[PDB]
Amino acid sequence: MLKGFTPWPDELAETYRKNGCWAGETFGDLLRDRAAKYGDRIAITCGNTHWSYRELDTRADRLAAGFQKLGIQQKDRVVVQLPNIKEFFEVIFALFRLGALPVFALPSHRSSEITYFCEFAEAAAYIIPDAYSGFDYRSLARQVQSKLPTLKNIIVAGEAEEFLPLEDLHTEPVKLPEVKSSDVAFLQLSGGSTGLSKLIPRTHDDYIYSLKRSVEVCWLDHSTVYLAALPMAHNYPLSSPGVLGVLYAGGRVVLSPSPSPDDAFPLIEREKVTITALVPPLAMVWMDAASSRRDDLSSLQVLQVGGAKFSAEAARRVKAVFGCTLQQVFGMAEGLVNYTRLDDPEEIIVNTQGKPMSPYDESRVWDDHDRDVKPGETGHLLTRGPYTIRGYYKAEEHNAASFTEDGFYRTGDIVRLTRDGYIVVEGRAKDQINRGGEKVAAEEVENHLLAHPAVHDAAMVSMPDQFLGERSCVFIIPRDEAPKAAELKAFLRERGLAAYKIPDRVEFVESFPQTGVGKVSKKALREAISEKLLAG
């Protein structure tokens, strides 16, 4: 057992292995199997290059041997920070076959976060591309080493300079140590706020199960052509169903250079993508673009939007702008993933954030005092299941606060449950605005503002007030010429919005600060409004 990992209770583990949730197969097996069945099928597409399943299988074996020869051992952690390129895949499955643990960093991470990941995880290696999106990662590597002289295996996919060329590692395959389906397979990152994310241990069994359910719930098959538009190392574009779900089903993954329509649209028409995944802010950009671009996105069958709540006023437009089915996805790297079903009524797809994907996912909505709220009532969401961790990596204190004594994980979201078990998310507990003794659901107000013809997007956050404790500020991205602030308040007033929900202040910006995967960082917005106030 990996040191720092919190296992599922023995009796539950058995239940899961008995009902078949935990298949007992490793990622190594998964690839070996798929490679044997349809080796010639194209698994990955990137620009003009392609990789068959057999190809990936072979490179993974040959790379694992190189990694081992390098001195990387079973249980070793390896911080992987690659863009959406083919290497990512040979890198993780090779690590998977050596029993080494990838730690999934994002392209946007810098020395402060990377140095942390390498120290905390006591990383044996750091894997980066030479340069991506205008950033030279070797300079980041140099910054990291100067902070951690002990990190001596810096692997670069591309021009390595003084470091180690990933391409020079492949060698003759070898006998590798046994990897158990119950072993931790990798460490993911949590996505809250306050920098330093917690590390999340996921085992082969519990993760592959999450992939199998996502495949079934999302109808993926040999005909699936999934476009990876978001940084694919994030839990959402990696497994819900993600690039890994697509490989599980024998489909084909297309790698986009960036999330932007300029890059993605041609790819959708050229490669005939049948499904892609976006986060709300990007969904807005795609919808605007889809109305000004002449690309043929007709092959699109399913457009996923998640990571954050995709407001009703926007969601309802998917069918007409893209002519495909919208699928809201509400998941967390900690475990639980919810989806609106592909054959659900338009209203359920447009007004909810789905229902647990597993029959064994347990959900509870509690009130501030850990008491189950009354049916249909709004409250704190706790969850427990086959693919939901029981604790963060080496984090006793935080675990004491994040998990109930019995095993439920407090997701940090405020939600209410529907009759059929669907979840209607209000927003995160931390994003609640308590204006002078009144709670305000930010997203409720943003949805209204999205109805205004001059609003591209809106993010409402709290701001300090010495008299009311908290006031509300909404950041608006103008859909061209920015309307006046009084015009927006009046708009909301005309709609009958309760007076205390109306933004006290309006800030116009060209874009919102975002997180690694692309969601709006309300924390950054709070800092920005808080700073402006201090300026006075």
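When you see a residue number, it is the position in the sequence shown, counting from 1.
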*Using only the Cα atoms and their B-factors as the entry lists them, report which of 352-360 and 301-309 averages higher.*
352-360
*Averaging the C-alpha B factors as listed in the entry, name the stretch that ends up higher: 508-516 or 16-24.*
16-24
*Reading the B-factor column of the entry, which of 80, 151, 228, 463 has the highest value at its C-alpha atom?*
151
*Highest Cα B-factor in the PDB entry belongs to which of 431, 90, 444, 406?*
406
*In terms of the chain's CA B-factor thirds, is residue 422 lowest, middle or highest?*
highest
*How does residue 474 rank on Cα B-factor within its chain, lowest, middle or highest third?*
lowest
*asked:* Quick check for you: using the entry's CA B-factors within this chain, is residue 197 in the lowest, middle or highest third?
replied: highest
*asked:* Split into thirds by Cα B-factor across the chain's modelled residues, where does residue 110 land: lowest, middle or highest?
replied: lowest
_When the deposited Cα B-factors of this chain's modelled residues are ordered and cut into thirds, is residue 104 in the lowest, the middle or the highest one?_
lowest
